[PDB]
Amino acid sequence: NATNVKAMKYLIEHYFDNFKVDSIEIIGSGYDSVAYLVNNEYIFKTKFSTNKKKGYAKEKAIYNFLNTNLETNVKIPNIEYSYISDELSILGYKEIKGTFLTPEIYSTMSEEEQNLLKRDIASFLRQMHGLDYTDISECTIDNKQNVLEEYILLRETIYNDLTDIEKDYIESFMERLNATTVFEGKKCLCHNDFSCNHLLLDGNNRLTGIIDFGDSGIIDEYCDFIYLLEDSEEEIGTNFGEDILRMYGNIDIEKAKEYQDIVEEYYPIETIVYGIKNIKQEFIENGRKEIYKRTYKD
C-alpha cells in the first residue's frame, strides 16, 4: 500500500508547485482510477491513460459549469487543482464533509427525516435538470446510439464465439431496445451516476453534498432515477425512488421504471463490452456468467 501513496505524493508535489503533502491515504478506487485524501482536507482523483483521453477533462468542465450556474446549498466538488494529459489526469478539491447515505442509516431515520431527505434530493435534481445547458452542450450522451455502437463492436469481435444462450440474451435485449419509447423524452443535464454512495448527509441526516459527476451529461431525464429505483443491497429501494419521483413531479413514473429495467438488463452486456474495449478478459467472463445467472433465475 505504501508505494502507491509515495508515487502519488510525488506527482502531486511535482505538478502543483507549492502544494505540500503532509499526509495522504487511499480513500477509494474504481477499475481504472484511484482517489486519495490529502492533508485530511483535499480529495485528489487520479487516473493513468485509459479510454478517457478526455476523462478528467469533461468532469472538470462539468464542475466548472455547475459551480457557475447552480443555485443550491448542496455542496459539490470545486476544482482547485488540475493536471490533464493523455497519460495522466489529476483533479483536486476540498473534501466535502459528511457521512455517505446507506440503507442502514436510512432505516434508522424517522419517517419525517426520510421525507426531508427525499425532498432534498428531488429538489437538487429539479434544479440541475432545469439548467439551461447551452454552455455545456458538448457533453451530450445518446445512450441508445451508444448501445447500438457497442453492439456493432460485439459483432466485429467476439459475438460469433458466444454461446446460443448468450446470443439470445443479447438479441432479446436488442429487440426490446428497438421497441421501447423511453429514449424519446426530455433530455437534460444529469448527474448520471446518482447512487447513494455519492450522496453525503450532515449531522441532521439532511443532504449536504453530492460527489462524482464524472459521468454527467445531457441525456434522458430518466437517467438520474436508475439507482433510486434499484432494488439491491447497496441502494435504499424502489419505494424510495418512487416517492422521490412523486416529489420531483411532471415525470412518467412507469417509463422511469422501464428505463431502469432496460439499463439493468443491459448490465451484463455493458460488462462484456467494457472487457473488450479495455482488453480485460475478466470482465468478458463476468458478463457472460451473469447472463447465465439471470437466465436461470427464472
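Note that residue numbering begins at 1 and tracks the sequence as displayed. If you superpose the two forms and keep the largest set of C-alpha atoms that fall within 1.5 Å, you have the rigid core.
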Core fit done; bigger CA RMS in 8 other deposited structures of this protein for 14-22 or for 277-285? 277-285
Can you tell me whether residue 53 lacks a model in a third or more of the other compared entries? yes
Stretch with higher mean Cα temperature factor, 46-54 vs 62-70, is 46-54
Entry-level comparison of average CA B-factors, 18-26 and 285-293, reporting the higher stretch: 18-26
Among 127, 208, 114, 108, where is the Cα temperature factor highest, going by the PDB entry? 108
I'd like to know which of 248, 31, 259, 266 has the highest C-alpha temperature factor in the PDB entry. 31
Temperature factor at the Cα of residue 97, chain-ranked in thirds, falls in the highest
Using the B-factor values recorded in the entry, state whether the Cα atom of residue 183 falls in the lowest, middle or highest third among the modelled residues of its chain. middle
What third of the chain, by the recorded C-alpha B-factor, contains residue 88? middle
Temperature factor at the Cα of residue 214, chain-ranked in thirds, falls in the lowest
Relative to the other modelled residues in the chain, which third contains the C-alpha temperature factor of residue 203: lowest, middle or highest? highest
